[PDB]
Amino acid sequence: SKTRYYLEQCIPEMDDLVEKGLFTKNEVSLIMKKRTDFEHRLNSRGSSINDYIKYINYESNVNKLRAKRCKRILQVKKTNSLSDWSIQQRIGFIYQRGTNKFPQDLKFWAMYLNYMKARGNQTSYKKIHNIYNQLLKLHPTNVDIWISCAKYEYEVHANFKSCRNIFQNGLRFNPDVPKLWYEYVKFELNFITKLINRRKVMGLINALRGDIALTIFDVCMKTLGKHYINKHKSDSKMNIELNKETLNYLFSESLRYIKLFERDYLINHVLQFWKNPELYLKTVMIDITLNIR
Amino acid sequence: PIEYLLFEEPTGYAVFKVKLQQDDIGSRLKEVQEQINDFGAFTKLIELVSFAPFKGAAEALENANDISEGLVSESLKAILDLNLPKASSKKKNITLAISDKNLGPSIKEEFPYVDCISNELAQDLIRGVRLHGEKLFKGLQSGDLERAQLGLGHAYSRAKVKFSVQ
Amino acid sequence: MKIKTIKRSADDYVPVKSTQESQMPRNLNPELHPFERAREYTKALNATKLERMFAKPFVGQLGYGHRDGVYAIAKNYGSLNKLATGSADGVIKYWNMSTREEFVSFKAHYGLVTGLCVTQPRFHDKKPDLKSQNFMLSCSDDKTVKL
Amino acid sequence: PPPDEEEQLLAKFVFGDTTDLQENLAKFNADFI
Amino acid sequence: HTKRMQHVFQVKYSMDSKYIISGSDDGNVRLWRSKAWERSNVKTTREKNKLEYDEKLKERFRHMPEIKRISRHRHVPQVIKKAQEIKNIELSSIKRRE
Amino acid sequence: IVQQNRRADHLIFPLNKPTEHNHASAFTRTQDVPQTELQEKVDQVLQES
Amino acid sequence: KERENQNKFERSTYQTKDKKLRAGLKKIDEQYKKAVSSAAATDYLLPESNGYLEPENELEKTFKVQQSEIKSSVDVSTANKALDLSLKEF
Amino acid sequence: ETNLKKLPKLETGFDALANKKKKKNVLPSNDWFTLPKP
Amino acid sequence: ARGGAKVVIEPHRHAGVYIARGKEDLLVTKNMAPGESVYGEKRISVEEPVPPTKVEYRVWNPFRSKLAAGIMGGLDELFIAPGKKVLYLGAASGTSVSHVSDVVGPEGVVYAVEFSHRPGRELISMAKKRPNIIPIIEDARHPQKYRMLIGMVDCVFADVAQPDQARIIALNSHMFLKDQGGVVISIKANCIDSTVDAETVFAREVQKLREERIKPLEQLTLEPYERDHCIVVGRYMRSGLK
Amino acid sequence: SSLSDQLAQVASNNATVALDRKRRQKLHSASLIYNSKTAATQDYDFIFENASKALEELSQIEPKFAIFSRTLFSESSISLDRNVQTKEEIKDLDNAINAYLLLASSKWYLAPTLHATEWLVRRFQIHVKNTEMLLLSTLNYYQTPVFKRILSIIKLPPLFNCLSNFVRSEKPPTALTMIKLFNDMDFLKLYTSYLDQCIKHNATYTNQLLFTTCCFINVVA
């Protein structure tokens, strides 16, 4: 029934394809045979993402062969017909059905995003945002997809306000992930350097920033300490040993922030917040090497 | 008009979107109760739109104690603020479905454009959700609900009884 | 000589996995599907006997009913479960039809309540929270109208 | 114009063409090991 | 109709165009379906297409004698049947005289 | 106006379109008050920029 | 919207100053032609095709070919489907 | 402009999940409530 | 009976429970955590054959339980079984919830509910030793208050003494009980109503159940064990009580 | 003859075609590694994935399997149905499979060979269509669980009646029964034909050659 309807919707561009002088009826029938096979393997049960992916790959190769065939046999790159956006919308529809049915497979999600980004000349920006809102509502606790949507937004379209709101939402959902905190600090630093260089070229033709990065660092340390305590919340010696372990973990992460790193002022305020045994020795070593730098 | 509903689980919160409002006068009928029971019809009645798990056992304990008291925890605020569209707060408020009449007003005082329904029709939808359980999540939720139940129950009961070490 | 016969792949017509369902090929050809009008006439006749066999219109009653005889009825034009029925006893009732039970029964007038209505009053002073209350209007024979 | 090799291969894959395998099998000589 | 329903005085639909509420002199408020053969279930697309097919096919073949006989059948009370018979006799006579 | 419905083919009966208000998403601020102190402080120094 | 199979799917049968009747009859006719063209185009999905026997010469004749030669030239599947049972008593 | 080039960038494994495949291998091949029958 | 006697265990009609035949017959449940009697009852031990082990069975006292009283008076159907989920309202302690947990066995689960905190501490210790039980130390008239701990239980048992017994059963069974699900009530007539008689109380409460959509299947009075008590077994219908 | 006898020959002619879903489940359920349930669950893409991987490993160990990577392990060989091709293409397919069995006779203590021949078994139906070369090639391994699996799968030929006693049991076939199997005479004609083909293709090895000279010595004794 459903398979029947989907092949009926497949037919009209097949008829236009054989109508123009490129594909013969026997090749059309072979293509329709493979389409019947794939549509039934999607509309039965037990089906999975690998059968979806085989369908998408076959469809993309059909589109590529049609491109070579049209360029060969009638030397027109763009024929005013139905066939072009027919095959493109059929691939988009297979991706839509796959992400409706199987919302667990991040590889299929990422292939969807890769396809919709790669056809960027035709892609609805709104469609990219709809797929991203869908994926974020389904998986809130994936800092990889949070980072990736923020990175696409700031790297292609470069809407720093949108990237800011994205990062604040992601940190509201996952205030536990030092990787996401790290990436927020890195994005803020890159935005500051871009603003500084734009000021430089403007003045060339004709500590607030470190402070915001460092307040982000301060609240990072606060919430990471709270979360490493609450993850495994006992007595005096046990609580004290857990306190030492938490402080060790937090300040190892701050050393990673130093390695990420007005560099002198940044390390200065970091060690200022630090002070306000062996870690103390490493800190005064950082002081001496800062005076060397 | 029951547009979204919110279900709370020991591994986190979930927000479903209603596809079809079941009819409201025939609710005591054998056909409508058996459509609650059958998974061939509850798929037509309810689709999942979002799911956010808890982060650790301690936050699960604190959030379950906070649901038991009936206040709005931070994770609940986060999921609702992500999912619910900001419509107008005077004309056509959005309609959430809730198991707890007491939980309702805190949701309203937090978000002023949400109307929280706990009627027998919302109890019917939530009962169907709780019945079909793990099958509704399409594969997302890891962790087994039974072990989560036992751990969270022992921890919450021990906290409420104020157990000791001596 | 070009001999060619009908060769069918069992891989195409009987699926490999047990769980997958079978391809049901279709071939519209009027010679191949003969009795159009007779087959549709028998489907129409079975459908009329089935609607006779399935026709069961009565669903229930509301509560225990009134005590003298229902003469006025007004449905809430906004909501779905709500109606207000007024008898010749004088008692009026606001009714939930989801559970099919009362919300509230008033003794409204002496004589018959000769008309009911359901309303959203807009007082100039305030605005009543319609999401908390619903208002009724009983118009009767003892020279009164009560809201 | 004749079909070139890359879209000849695309035609083989899309149409599911078995004559290359059948020619290879009929050409399978066991003289070499 | 039902034996326990005397003298219907007030009748309304429901606001979803599905049920009918009737208050009668008996003292009871009853509620009926609007199409009896329907149920208030929700239906898979296969059953929904089957039932819509039956509706369209019934209405196409509405005029045939056997279909019309079985569809027109109802069981009415005896006072309604006797009054309808007298109404038929009386109107046939009045039209003969006209 | 009403001579349109009598000639139309099909009618899906909640006909008057509802008052369609704003959606929400993750990219934009929903109600544009900062609900988290991080958003608050970033807005303070953004005004201080 | 015409093709080479409408002559198969076409069903044979046997103006008004009435607006309802004109509109109804035009809708019936147009939905009839839509159905016929849709079945004609649905004829693309036929999985198979018939057989043939073509003599390829002028000296080769199809009544001279025999079942041994056909069973040689034709697939193992149908060559096995060609039964031969010999029950000589009854 | 080479400063803008040598600015550091973010990192994520999502597109690597897209265009990345596996590499591994393949591996080959009385109740609590029932009394004993004496 | 005594400290050395030998008995023959035998399967009862209901699964999970057993009869110990001797010179006097003893109702018995298979001990889950073997070697420790909960409320000080005597307990049988068999040895079964790898080296053999020592399996242990536990006696069920009906002058203490109000469910073994129903078993011994003879209930045609008890919806507790070796693989189910049981919600136990009014679970004072192990003295009945442990026997119910041994009946449902390691596959099923039992959610015990108690209000007051000293029986709560007893329940916490016993539930630590026994994994099928999850304890709740919260008021039983608030399933909304403990909705995050229970999912779609299969039978309910009620040992509640409070005079709102039918309403609290109706709340918990609409929230959590499965459709066509067993309801088992133990009614105490003196707690529900002291002035009027026990039979009047029993008819009144069966009326309240039938109003709250539980179809009563049977009713036993358990007379040689307790006075003025009753056990009502019903089935939760939700769809066509007639 | 009799109608049941002529129908028996008709069934053994159409022994391998899956005319219905039940016969399909049974035929696709017989497998070398996976049991009945999972073998009836999975599909040709799964089996071919494992086949291509294992053949890459086998070509890395011994470099002569590249030709089967060209012909018997291609996607067109996923697609083609053995029971539809003509007798000439059947004969060439049988030459390909016989050459593969002669090569991968000497490597059967290896999961790569087990997986590659799993694909051959469950696509080209060697285990009922040509079992002679299968048994002759894997005959020297006769205590091993690979031979136990091969026995439990195969429908045994006329000449292997001793193994028709030992099929689907627990103990391995014993050396005295291998002495019976060689002690028939038409079996020795068949086996010496197999070894002449094996020598002419120049792939013998010490274990198989030990086994066959021991069976010959015991036949003479």
# chains A, B, ... in the order shown; residues from 1 in each chain; ligands from 1
$ closest_atom_pairs --of "chain A" --to "chain D" --cutoff "8 Å" --atoms "only C-alpha atoms" --output "JSON lines"
{"residue": "A:27", "atom": "CA", "partner": "D:15", "partner_atom": "CA", "distance": 6.7}
{"residue": "A:30", "atom": "CA", "partner": "D:15", "partner_atom": "CA", "distance": 5.9}
{"residue": "A:31", "atom": "CA", "partner": "D:15", "partner_atom": "CA", "distance": 6.5}
{"residue": "A:58", "atom": "CA", "partner": "D:14", "partner_atom": "CA", "distance": 7.1}
{"residue": "A:61", "atom": "CA", "partner": "D:14", "partner_atom": "CA", "distance": 6.9}
{"residue": "A:62", "atom": "CA", "partner": "D:14", "partner_atom": "CA", "distance": 6.2}
{"residue": "A:65", "atom": "CA", "partner": "D:10", "partner_atom": "CA", "distance": 6.0}
{"residue": "A:68", "atom": "CA", "partner": "D:7", "partner_atom": "CA", "distance": 6.5}
{"residue": "A:69", "atom": "CA", "partner": "D:7", "partner_atom": "CA", "distance": 7.8}
{"residue": "A:72", "atom": "CA", "partner": "D:1", "partner_atom": "CA", "distance": 7.5}
{"residue": "A:73", "atom": "CA", "partner": "D:1", "partner_atom": "CA", "distance": 7.6}
$ write_last_selection --atoms "N, CA, C and O atoms" --output "compact mmCIF listing (two decimals), in the first residue's frame"
# COMPACT_ATOMS: atom_id res chain seq x y z
N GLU A 27 16.06 0.75 -19.40
CA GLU A 27 16.86 1.27 -18.30
C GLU A 27 15.97 1.87 -17.22
O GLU A 27 16.26 1.75 -16.02
N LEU A 30 14.71 -1.06 -15.24
CA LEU A 30 15.71 -1.54 -14.29
C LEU A 30 15.79 -0.64 -13.07
O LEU A 30 15.88 -1.11 -11.92
N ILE A 31 15.76 0.68 -13.30
CA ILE A 31 15.79 1.63 -12.20
C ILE A 31 14.56 1.46 -11.32
O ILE A 31 14.66 1.44 -10.09
N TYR A 58 22.55 4.71 -3.73
CA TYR A 58 22.09 4.37 -5.07
C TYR A 58 21.43 5.56 -5.75
O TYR A 58 21.61 5.78 -6.95
N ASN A 61 23.98 8.02 -6.99
CA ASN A 61 24.64 7.56 -8.21
C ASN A 61 23.72 7.62 -9.42
O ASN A 61 24.19 7.86 -10.53
N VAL A 62 22.41 7.44 -9.22
CA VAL A 62 21.47 7.64 -10.32
C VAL A 62 21.50 9.09 -10.79
O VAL A 62 21.52 9.37 -11.99
N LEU A 65 24.77 9.69 -12.79
CA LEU A 65 24.68 9.12 -14.13
C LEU A 65 23.76 9.94 -15.01
O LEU A 65 24.04 10.11 -16.20
N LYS A 68 25.81 12.94 -16.24
CA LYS A 68 26.74 12.59 -17.31
C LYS A 68 25.99 12.27 -18.60
O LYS A 68 26.44 12.63 -19.69
N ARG A 69 24.83 11.64 -18.49
CA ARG A 69 24.07 11.26 -19.67
C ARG A 69 23.49 12.47 -20.37
O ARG A 69 23.50 12.54 -21.61
N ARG A 72 26.34 14.35 -22.04
CA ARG A 72 26.81 13.62 -23.20
C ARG A 72 25.84 13.75 -24.37
O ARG A 72 26.23 14.15 -25.47
N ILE A 73 24.57 13.41 -24.15
CA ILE A 73 23.67 13.14 -25.26
C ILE A 73 22.93 14.37 -25.78
O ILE A 73 22.45 14.35 -26.92
$ residues_around --residues "residue 8 of chain B" --least-positions-apart "4" --cutoff "10 Å" --atoms "only C-alpha atoms" --output "PDB file with N, CA and C atoms, in the first residue's frame"
ATOM      1  N   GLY B  12      15.452  11.181  33.960  1.00  0.00           N
ATOM      2  CA  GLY B  12      15.289  12.457  33.301  1.00  0.00           C
ATOM      3  C   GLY B  12      13.883  12.754  32.820  1.00  0.00           C
ATOM      4  N   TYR B  13      13.755  13.905  32.182  1.00  0.00           N
ATOM      5  CA  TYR B  13      12.451  14.377  31.756  1.00  0.00           C
ATOM      6  C   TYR B  13      12.254  14.121  30.276  1.00  0.00           C
ATOM      7  N   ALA B  14      10.993  14.135  29.864  1.00  0.00           N
ATOM      8  CA  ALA B  14      10.650  13.950  28.470  1.00  0.00           C
ATOM      9  C   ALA B  14       9.448  14.819  28.168  1.00  0.00           C
ATOM     10  N   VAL B  15       9.396  15.338  26.952  1.00  0.00           N
ATOM     11  CA  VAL B  15       8.287  16.169  26.520  1.00  0.00           C
ATOM     12  C   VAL B  15       7.753  15.583  25.228  1.00  0.00           C
ATOM     13  N   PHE B  51      13.718  14.800  24.937  1.00  0.00           N
ATOM     14  CA  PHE B  51      14.055  13.969  26.089  1.00  0.00           C
ATOM     15  C   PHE B  51      15.415  14.399  26.599  1.00  0.00           C
ATOM     16  N   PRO B  53      18.037  13.492  29.768  1.00  0.00           N
ATOM     17  CA  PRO B  53      18.278  12.665  30.949  1.00  0.00           C
ATOM     18  C   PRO B  53      18.962  13.457  32.052  1.00  0.00           C
ATOM     19  N   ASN B  63      16.270  16.180  42.094  1.00  0.00           N
ATOM     20  CA  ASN B  63      15.180  16.532  41.206  1.00  0.00           C
ATOM     21  C   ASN B  63      13.924  15.726  41.501  1.00  0.00           C
ATOM     22  N   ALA B  64      14.060  14.478  41.947  1.00  0.00           N
ATOM     23  CA  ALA B  64      12.881  13.712  42.328  1.00  0.00           C
ATOM     24  C   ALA B  64      12.277  14.234  43.620  1.00  0.00           C
ATOM     25  N   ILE B  67      10.399  17.325  42.512  1.00  0.00           N
ATOM     26  CA  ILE B  67       9.111  17.004  41.904  1.00  0.00           C
ATOM     27  C   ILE B  67       8.112  16.577  42.969  1.00  0.00           C
ATOM     28  N   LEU B  76      14.183  21.046  34.841  1.00  0.00           N
ATOM     29  CA  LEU B  76      12.823  21.196  34.340  1.00  0.00           C
ATOM     30  C   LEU B  76      12.630  22.543  33.669  1.00  0.00           C
ATOM     31  N   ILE B  98      -0.039  17.875  32.654  1.00  0.00           N
ATOM     32  CA  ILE B  98       0.735  17.647  33.866  1.00  0.00           C
ATOM     33  C   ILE B  98      -0.014  16.638  34.721  1.00  0.00           C
ATOM     34  N   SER B  99       0.717  15.758  35.401  1.00  0.00           N
ATOM     35  CA  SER B  99       0.071  14.811  36.294  1.00  0.00           C
ATOM     36  C   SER B  99      -0.366  15.426  37.614  1.00  0.00           C
ATOM     37  N   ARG B 130       2.951   6.025  30.461  1.00  0.00           N
ATOM     38  CA  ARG B 130       3.568   5.187  31.479  1.00  0.00           C
ATOM     39  C   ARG B 130       3.399   3.713  31.163  1.00  0.00           C
TER      40      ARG B 130
ATOM     41  N   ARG I 147       5.117   9.680  42.173  1.00  0.00           N
ATOM     42  CA  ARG I 147       4.952   9.149  40.824  1.00  0.00           C
ATOM     43  C   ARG I 147       6.260   8.814  40.111  1.00  0.00           C
ATOM     44  N   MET I 148       7.409   9.236  40.616  1.00  0.00           N
ATOM     45  CA  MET I 148       8.661   8.998  39.908  1.00  0.00           C
ATOM     46  C   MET I 148       9.306   7.680  40.279  1.00  0.00           C
TER      47      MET I 148
END
$ residues_around --residues "residue 60 of chain E" --least-positions-apart "4" --cutoff "10 Å" --atoms "only C-alpha atoms" --output "tab-separated table (two decimals) with C-alpha atoms, in the first residue's frame"
chain	number	residue	atom	x	y	z
C	40	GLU	CA	-18.55	-3.27	-6.17
C	41	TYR	CA	-22.29	-3.94	-5.79
C	44	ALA	CA	-21.85	-1.79	-1.20
E	54	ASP	CA	-17.38	1.93	2.26
E	55	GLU	CA	-18.99	5.37	2.62
E	56	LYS	CA	-18.17	6.40	-0.95
E	64	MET	CA	-30.42	0.18	-6.23
$ residues_around --residues "segment 14-27 of chain F" --least-positions-apart "2" --cutoff "7 Å" --atoms "only C-alpha atoms" --output "list in words"
residues 133, 162, 165, 166 and 169 of chain A; 82, 84, 85, 86, 87, 88 and 92 of chain B; 12, 29 and 30 of chain F
$ select_by_dssp --residues "chain D" --states "alpha helix (DSSP H)" --output "list in words"
residues 5, 6, 7, 8, 9, 10, 11, 12, 13, 14, 15, 19, 20, 21, 22, 23, 24, 25 and 26 of chain D
$ interface_residues --of "chain I" --to "chain B" --cutoff "10 Å" --atoms "only C-alpha atoms" --output "VMD selection string"
chain I and resid 109 111 116 to 118 120 to 121 123 to 124 127 to 128 131 to 138 142 to 153 174 to 179 238 to 241
$ residues_around --residues "segment 63-74 of chain G" --least-positions-apart "3" --cutoff "8 Å" --atoms "only C-alpha atoms" --output "VMD selection string"
(chain C and resid 3 to 5) or (chain G and resid 60 78 to 79) or (chain J and resid 86 to 87)
$ write_last_selection --atoms "N, CA and C atoms" --output "CSV table (one decimal), in the first residue's frame"
chain,number,residue,atom,x,y,z
C,3,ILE,N,15.5,-17.5,-28.2
C,3,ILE,CA,14.5,-18.0,-27.2
C,3,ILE,C,14.7,-17.2,-26.0
C,4,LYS,N,13.6,-16.9,-25.3
C,4,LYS,CA,13.6,-16.2,-24.1
C,4,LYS,C,12.3,-16.6,-23.4
C,5,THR,N,12.3,-17.1,-22.2
C,5,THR,CA,11.1,-17.5,-21.5
C,5,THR,C,11.0,-16.6,-20.2
G,60,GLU,N,15.4,-20.5,-41.3
G,60,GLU,CA,15.0,-21.0,-40.0
G,60,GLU,C,13.5,-20.7,-39.7
G,78,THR,N,13.4,-23.5,-15.6
G,78,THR,CA,12.2,-23.9,-16.4
G,78,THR,C,12.5,-25.3,-17.0
G,79,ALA,N,13.8,-25.6,-17.4
G,79,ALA,CA,14.1,-26.9,-17.9
G,79,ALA,C,13.8,-28.0,-16.8
J,86,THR,N,21.9,-20.1,-17.2
J,86,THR,CA,21.9,-21.3,-18.1
J,86,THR,C,23.0,-22.3,-17.7
J,87,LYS,N,23.0,-23.4,-18.3
J,87,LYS,CA,23.9,-24.5,-17.9
J,87,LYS,C,25.4,-24.2,-18.2
$ select_by_dssp --residues "segment 21-214 of chain I" --states "strand (DSSP E)" --output "PyMOL selection string"
chain I and resi 21+26-30+43-48+53-59+85-89+109-113+133-136+155-158+181-188+214
$ write_last_selection --atoms "N, CA and C atoms" --output "compact mmCIF listing (two decimals), in the first residue's frame"
# COMPACT_ATOMS: atom_id res chain seq x y z
N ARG I 21 3.39 -30.66 54.65
CA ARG I 21 2.60 -31.69 55.27
C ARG I 21 3.41 -32.38 56.35
N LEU I 26 1.47 -26.76 57.25
CA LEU I 26 2.01 -25.42 57.43
C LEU I 26 2.10 -24.69 56.10
N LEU I 27 1.56 -23.49 56.02
CA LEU I 27 1.72 -22.71 54.80
C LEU I 27 3.13 -22.14 54.74
N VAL I 28 3.73 -22.12 53.56
CA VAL I 28 5.17 -21.93 53.42
C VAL I 28 5.47 -21.13 52.16
N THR I 29 6.41 -20.20 52.24
CA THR I 29 6.95 -19.52 51.07
C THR I 29 8.45 -19.73 50.99
N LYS I 30 8.99 -19.80 49.78
CA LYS I 30 10.42 -20.03 49.61
C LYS I 30 11.21 -18.80 50.05
N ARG I 43 11.47 -22.02 60.34
CA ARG I 43 11.64 -22.13 58.91
C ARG I 43 12.25 -23.47 58.54
N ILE I 44 11.74 -24.04 57.46
CA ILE I 44 12.11 -25.37 57.00
C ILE I 44 13.36 -25.27 56.14
N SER I 45 14.10 -26.37 56.03
CA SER I 45 15.30 -26.37 55.20
C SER I 45 15.49 -27.71 54.52
N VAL I 46 15.60 -27.69 53.20
CA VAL I 46 15.86 -28.89 52.42
C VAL I 46 17.26 -28.77 51.84
N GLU I 47 17.77 -29.88 51.32
CA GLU I 47 19.10 -29.91 50.73
C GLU I 47 19.01 -30.49 49.33
N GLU I 48 19.53 -29.75 48.35
CA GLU I 48 19.30 -30.09 46.96
C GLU I 48 20.60 -30.15 46.16
N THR I 53 23.43 -27.68 47.68
CA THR I 53 23.24 -26.54 48.56
C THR I 53 22.08 -26.80 49.51
N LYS I 54 21.86 -25.84 50.41
CA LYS I 54 20.81 -25.92 51.43
C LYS I 54 19.77 -24.83 51.15
N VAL I 55 18.65 -25.22 50.59
CA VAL I 55 17.56 -24.31 50.26
C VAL I 55 16.69 -24.19 51.49
N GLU I 56 16.01 -23.06 51.65
CA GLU I 56 15.29 -22.76 52.87
C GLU I 56 13.90 -22.24 52.55
N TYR I 57 12.92 -22.70 53.31
CA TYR I 57 11.53 -22.29 53.18
C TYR I 57 11.11 -21.66 54.49
N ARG I 58 10.09 -20.82 54.47
CA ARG I 58 9.72 -20.04 55.63
C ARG I 58 8.23 -20.20 55.91
N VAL I 59 7.88 -20.35 57.18
CA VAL I 59 6.49 -20.60 57.55
C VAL I 59 5.74 -19.28 57.48
N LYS I 85 4.32 -7.63 39.40
CA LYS I 85 4.64 -6.42 40.13
C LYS I 85 3.48 -6.11 41.06
N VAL I 86 3.80 -5.91 42.34
CA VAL I 86 2.76 -5.76 43.35
C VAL I 86 2.98 -4.45 44.08
N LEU I 87 1.94 -3.63 44.15
CA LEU I 87 1.99 -2.43 44.95
C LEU I 87 1.33 -2.70 46.29
N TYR I 88 2.06 -2.51 47.37
CA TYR I 88 1.61 -2.91 48.70
C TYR I 88 1.35 -1.65 49.51
N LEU I 89 0.09 -1.25 49.59
CA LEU I 89 -0.28 -0.07 50.35
C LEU I 89 -0.47 -0.44 51.81
N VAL I 109 8.63 -7.59 41.15
CA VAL I 109 9.01 -6.55 42.11
C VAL I 109 7.84 -6.25 43.02
N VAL I 110 8.14 -5.64 44.16
CA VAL I 110 7.10 -5.19 45.07
C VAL I 110 7.47 -3.83 45.62
N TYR I 111 6.55 -2.88 45.49
CA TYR I 111 6.73 -1.52 45.98
C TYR I 111 5.98 -1.39 47.29
N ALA I 112 6.70 -1.30 48.40
CA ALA I 112 6.06 -1.22 49.70
C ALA I 112 5.87 0.24 50.08
N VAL I 113 4.70 0.59 50.61
CA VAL I 113 4.41 1.98 50.96
C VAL I 113 4.00 2.06 52.42
N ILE I 133 12.17 -5.62 46.80
CA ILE I 133 11.37 -4.59 47.43
C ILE I 133 12.00 -3.26 47.12
N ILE I 134 11.19 -2.26 46.78
CA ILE I 134 11.62 -0.87 46.86
C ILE I 134 10.73 -0.17 47.87
N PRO I 135 11.29 0.53 48.82
CA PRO I 135 10.48 1.09 49.90
C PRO I 135 10.13 2.54 49.66
N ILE I 136 8.94 2.94 50.08
CA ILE I 136 8.51 4.33 50.04
C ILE I 136 7.96 4.66 51.42
N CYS I 155 -0.63 -5.65 40.30
CA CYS I 155 -1.68 -5.91 41.27
C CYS I 155 -1.50 -4.94 42.42
N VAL I 156 -2.57 -4.65 43.15
CA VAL I 156 -2.44 -3.86 44.37
C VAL I 156 -2.98 -4.67 45.54
N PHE I 157 -2.27 -4.60 46.66
CA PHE I 157 -2.72 -5.13 47.93
C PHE I 157 -2.90 -3.96 48.87
N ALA I 158 -3.89 -4.04 49.75
CA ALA I 158 -4.22 -2.93 50.65
C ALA I 158 -4.40 -3.43 52.07
N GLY I 181 -6.63 -5.48 36.18
CA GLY I 181 -5.57 -5.72 37.16
C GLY I 181 -6.15 -6.06 38.52
N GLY I 182 -5.50 -6.98 39.22
CA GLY I 182 -6.07 -7.48 40.46
C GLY I 182 -5.98 -6.48 41.59
N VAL I 183 -7.08 -6.29 42.29
CA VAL I 183 -7.14 -5.47 43.49
C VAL I 183 -7.48 -6.38 44.65
N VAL I 184 -6.70 -6.33 45.72
CA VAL I 184 -6.96 -7.12 46.90
C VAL I 184 -7.01 -6.17 48.08
N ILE I 185 -8.16 -6.12 48.75
CA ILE I 185 -8.40 -5.21 49.87
C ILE I 185 -8.59 -6.05 51.11
N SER I 186 -8.00 -5.62 52.22
CA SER I 186 -8.33 -6.19 53.52
C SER I 186 -9.08 -5.12 54.30
N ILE I 187 -10.37 -5.33 54.48
CA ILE I 187 -11.23 -4.37 55.17
C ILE I 187 -11.28 -4.70 56.65
N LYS I 188 -11.06 -3.69 57.49
CA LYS I 188 -11.29 -3.79 58.93
C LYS I 188 -12.51 -2.96 59.30
N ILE I 214 -13.85 -0.79 39.98
CA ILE I 214 -13.28 -2.08 40.29
C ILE I 214 -14.45 -3.05 40.39
$ residues_around --residues "residue 57 of chain C" --least-positions-apart "2" --cutoff "8 Å" --atoms "only C-alpha atoms" --output "list in words"
residues 55 and 59 of chain C; 32, 33, 34, 35, 36 and 37 of chain E
$ write_last_selection --atoms "C-alpha atoms" --output "tab-separated table (two decimals), in the first residue's frame"
chain	number	residue	atom	x	y	z
C	55	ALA	CA	-25.76	0.97	14.35
C	59	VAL	CA	-24.36	6.17	24.75
E	32	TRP	CA	-26.75	9.76	21.41
E	33	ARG	CA	-24.36	9.50	18.53
E	34	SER	CA	-25.00	11.46	15.35
E	35	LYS	CA	-24.05	8.59	13.09
E	36	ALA	CA	-24.80	5.37	14.91
E	37	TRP	CA	-22.38	3.08	13.08
$ interface_residues --of "chain G" --to "chain J" --cutoff "7 Å" --atoms "only C-alpha atoms" --output "list in words"
residues 74, 75, 76, 77, 80 and 85 of chain G
$ write_last_selection --atoms "N, CA and C atoms" --output "PDB file, in the first residue's frame"
ATOM      1  N   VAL G  74      17.536 -22.967 -22.767  1.00  0.00           N
ATOM      2  CA  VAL G  74      16.738 -22.217 -21.806  1.00  0.00           C
ATOM      3  C   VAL G  74      17.205 -22.618 -20.401  1.00  0.00           C
ATOM      4  N   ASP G  75      16.858 -21.793 -19.404  1.00  0.00           N
ATOM      5  CA  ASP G  75      17.414 -21.847 -18.059  1.00  0.00           C
ATOM      6  C   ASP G  75      17.213 -23.201 -17.398  1.00  0.00           C
ATOM      7  N   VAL G  76      18.007 -23.433 -16.350  1.00  0.00           N
ATOM      8  CA  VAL G  76      17.884 -24.651 -15.567  1.00  0.00           C
ATOM      9  C   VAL G  76      16.560 -24.686 -14.827  1.00  0.00           C
ATOM     10  N   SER G  77      16.029 -23.528 -14.438  1.00  0.00           N
ATOM     11  CA  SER G  77      14.810 -23.513 -13.640  1.00  0.00           C
ATOM     12  C   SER G  77      13.625 -24.045 -14.433  1.00  0.00           C
ATOM     13  N   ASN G  80      13.885 -27.623 -15.548  1.00  0.00           N
ATOM     14  CA  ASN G  80      13.413 -28.527 -14.510  1.00  0.00           C
ATOM     15  C   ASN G  80      11.907 -28.478 -14.325  1.00  0.00           C
ATOM     16  N   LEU G  85       5.864 -37.194 -16.506  1.00  0.00           N
ATOM     17  CA  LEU G  85       5.504 -38.349 -15.712  1.00  0.00           C
ATOM     18  C   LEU G  85       4.923 -39.404 -16.633  1.00  0.00           C
TER      19      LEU G  85
END
